[PDB]
Amino acid sequence: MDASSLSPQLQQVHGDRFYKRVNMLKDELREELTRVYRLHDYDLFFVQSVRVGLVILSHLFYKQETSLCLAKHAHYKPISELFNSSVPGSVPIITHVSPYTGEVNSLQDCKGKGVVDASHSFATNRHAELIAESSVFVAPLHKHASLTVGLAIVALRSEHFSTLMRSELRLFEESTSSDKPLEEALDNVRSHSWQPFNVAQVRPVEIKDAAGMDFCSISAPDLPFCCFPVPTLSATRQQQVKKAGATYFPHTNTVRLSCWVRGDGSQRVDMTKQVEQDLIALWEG
Amino acid sequence: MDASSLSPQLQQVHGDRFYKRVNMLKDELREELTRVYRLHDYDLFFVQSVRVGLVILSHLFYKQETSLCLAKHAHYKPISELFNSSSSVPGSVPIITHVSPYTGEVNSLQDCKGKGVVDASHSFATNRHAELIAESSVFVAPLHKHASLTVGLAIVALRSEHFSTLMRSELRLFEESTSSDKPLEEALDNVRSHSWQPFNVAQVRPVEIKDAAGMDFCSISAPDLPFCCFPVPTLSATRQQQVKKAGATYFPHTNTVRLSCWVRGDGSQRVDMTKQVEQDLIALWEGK
């Protein structure tokens, strides 16, 4: 290939037909993702990440005089900052499941539209609802999908978008990207040891006596993780949280405990009691 | 780390400190690039690609009631489609294509108010690098062309004194969006290697071949670029196969063929490949 299209030294390591190879790898992964996640009703587009997908969508929506703005609920902090204060038309960004409280929101507004951040529903026990009702969603592949780092999908419900709009996103998907995320995802999706879902279900937890004191989970049931109101923590507490593999969100005053059980989706695994044990243990050494 | 933050299986392969490690690799590469490419006047942000950079910029500019519009000249075709409807109120900011990939034409680096976001794909890490970094307010450069670093990584460079902390903080927060470590490691490995040199120092002056295989060729590309672009007739399947076989590129939308050179150096010495291109062009039109 012309030296001006791709460094010759890069061609040696990534292939002298690099662009076609990445297009073919995208094609392969798109077909695997469509079958395992059952995404036949969607056109899928690869983008780097959830926030990249959102900004591409914002631009394409604005080219049709439609603005993309935040729904009135909690969103991933970086997303609520990037789209704070965002002509006539309006499509809300919907956080399906909050990473901080586990709250769950409705997948469309009052007029059937909505771009869903599916980070904590894609490839979980909530995947079927996401895919039954969403017009658009955006999902990373490094969380519950357990595929790769630095790759996400934008999924457009096919009957809902014009060929024009899908064309433009397909043309944008051609923007120079690494082959490595694609090859990792493909290696994982074709692996005998990989399974598509985190099937952990955690129901409401109330351990009303951990050092005398009360914890009461606030997260939706059947998520793979569990979020509890806490006081503002000492550093000692924060060291235990971190060491335990849980997560402190100061801005919501929650800690999140999470499970990880892989399966094919046909069977959920109740891990309620394990989170309970794990909460008491964290607050007690 | 929390299984909800990053797959445990992915942690096993990339590390349980993945996000911090990627941030640290970015920090290292930003210092390496600033030194080798003399970017002390700029704040650098990593993004996937030129178009991702342009889409983020377009959002951040909108949040301050500024439009990002195409300047009136030819752009990379995907870019002219992506921004085809955007616009002109003086305050708007043009996207400028420093060096066109199709003709090698060069455009001026600023608005008549000193402004503009420059697509530097064919100037970054070439003989026009010093002009780019002397003049641009903002540029966007890929790292897989003349920089020869990696695939899947580009930089947005904001002239530091031109932008508010607030806007830079937004872009820094965007650069944190989940990305692969592999483009960063490749770039860092290249930029610190003995093998690698930072610039394509090939210089091609104007080339004119009178009547070679039935026709005359006269180059249209600005001089001192590493590549050379020539008007051509709508080509035959046969002609197009020879172009591709040769490692040249046919652009039907402009009726040009591009011939390119590739000579690596540290920038202290340019290498004139004028005579090579002319010889190569006669040869392409003879099957050899």
Side-chain angles (χ1 to χ4, degrees), chain A residues 1-10 13-14 18 47-52 55-56 58-59 62-63 78 81-82 84-86 99 120 140 142-152 168 171-172 174-181 184 188 194 198 224-225 245-247 256-260, chain B residues 1-10 14 18 47-52 55-56 58-59 62-63 78 81-82 84-86 101 122 142 144-154 170 173-174 176-183 186 190 195-196 200 226-227 247-249 258-262:
Chain A
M1 186 198 309
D2 181 345
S4 293
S5 300
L6 183 53
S7 164
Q9 275 75 70
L10 296 168
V13 153
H14 295 279
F18 171 79
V47 303
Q48 187 189 299
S49 69
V50 176
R51 275 174 284 170
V52 168
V55 301
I56 306 154
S58 185
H59 181 76
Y62 179 88
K63 290 168 100 200
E81 277 158 14
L82 180 72
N84 59 30
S85 79
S86 91
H120 288 301
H142 64 288
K143 298 176 166 163
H144 306 284
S146 193
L147 280 175
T148 189
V149 295
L151 192 62
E168 294 205 77
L171 176 67
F172 194 89
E174 298 175 3
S175 183
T176 306
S177 70
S178 177
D179 53 346
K180 302 301 194 209
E184 187 181 21
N188 285 330
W194 181 81
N198 182 1
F225 58 84
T247 296
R256 175 176 68 203
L257 287 59
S258 301
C259 305
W260 188 250
Chain B
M1 100 168 76
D2 178 0
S4 278
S5 300
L6 180 56
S7 162
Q9 269 72 77
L10 296 172
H14 295 266
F18 179 71
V47 295
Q48 181 191 295
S49 69
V50 172
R51 280 178 285 178
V52 168
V55 184
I56 178 66
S58 188
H59 185 77
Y62 176 84
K63 310 243 307 275
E81 293 183 17
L82 184 62
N84 46 21
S85 70
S86 309
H122 289 295
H144 64 291
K145 290 177 170 170
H146 308 278
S148 195
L149 286 170
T150 192
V151 295
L153 192 66
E170 299 199 75
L173 179 70
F174 193 83
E176 298 187 350
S177 192
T178 308
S179 61
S180 178
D181 50 349
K182 293 308 182 308
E186 186 176 18
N190 288 329
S195 283
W196 172 92
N200 187 354
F227 61 83
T249 294
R258 177 172 63 189
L259 275 71
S260 296
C261 311
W262 183 255

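All values below were derived from every heavy atom in this structure, side-chain atoms included, with hydrogens, water molecules and symmetry-related copies excluded. Letters go in sequence order (proteins before strands), and every chain restarts at 1.
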Quiz item: Between A:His120 and B:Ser4, which heavy-atom pair has the shortest distance, and what is it?
Solution: CE1-O, 3.3 Å
Exercise. Output the option from B:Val47, B:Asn200, B:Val50, B:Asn84 having the highest count of non-hydrogen pairs under 4.5 Å with chain A.
Key: B:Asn84
Self-check item: A:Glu184 side chain reached by B:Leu10 side chain, heavy atoms, under 4.5 Å
Solution: yes
Quiz item: Between B:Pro142 and chain A, which part of the residue has a heavy atom less than 4.5 Å away: side chain, backbone, both or neither?
Solution: neither
Exercise. Compare all side-chain heavy atoms of A:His59 with those of B:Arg51 and state whether any distance is below 4.5 angstrom.
Key: no
Quiz item: Quick one: what part of A:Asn84 sits under 4.5 Å from any heavy atom of chain B, side chain, backbone, both or neither?
Solution: both
Quiz item: Checking heavy atoms, do the side chain of B:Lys145, its backbone, both or neither come under 4.5 Å from chain A?
Solution: both
Self-check item: Results of ring-ring contact (aromatic ring centres under 6.0 Å, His included) for B:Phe174 - residues two or more places apart only
Solution: none
Exercise. Identify which part of A:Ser5 has an atom lying under 4.5 Å from any heavy atom of chain B, answering side chain, backbone, both or neither.
Key: both
Self-check item: Any side-chain heavy-atom pair of B:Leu6 and A:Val149 under 4.5 Å
Solution: yes
Exercise. Please identify each residue that fulfils side-chain contact (heavy atoms from CB on, under 4.5 Å) with A:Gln9, with sequence neighbours left out.
Key: A:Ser7, A:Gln12, B:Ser148, B:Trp262, B:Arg264
Quiz item: Is a side-chain donor or acceptor of B:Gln48 paired with a backbone partner of A:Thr176 at a separation under 3.5 angstrom?
Solution: yes
Self-check item: Top contributor to chain A interface from B:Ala147, B:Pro8, B:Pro226, B:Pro101 [non-hydrogen pairs under 4.5 Å]
Solution: B:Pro8
Quiz prompt | A:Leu257, part contacting chain B, at a heavy-atom distance under 4.5 Å | solution = neither
Quiz item: Do B:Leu82 and A:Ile56 have side chains that get closer than 4.5 Å, going by heavy atoms?
Solution: no
Quiz item: Hey, which of A:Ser178, A:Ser258, A:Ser175 has the most heavy atom pairs under 4.5 Å with chain B?
Solution: A:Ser175
Quiz item: Just by distance, do the side chain of A:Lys180 and the backbone of B:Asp181 share a donor-acceptor pair under 3.5 Å?
Solution: no
Quiz item: What part of A:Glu81 gets closer than 4.5 Å to chain B, counting heavy atoms only: side chain, backbone, both or neither?
Solution: both
Self-check item: Heavy-atom contact with chain B under 4.5 Å, split by part of A:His14
Solution: side chain
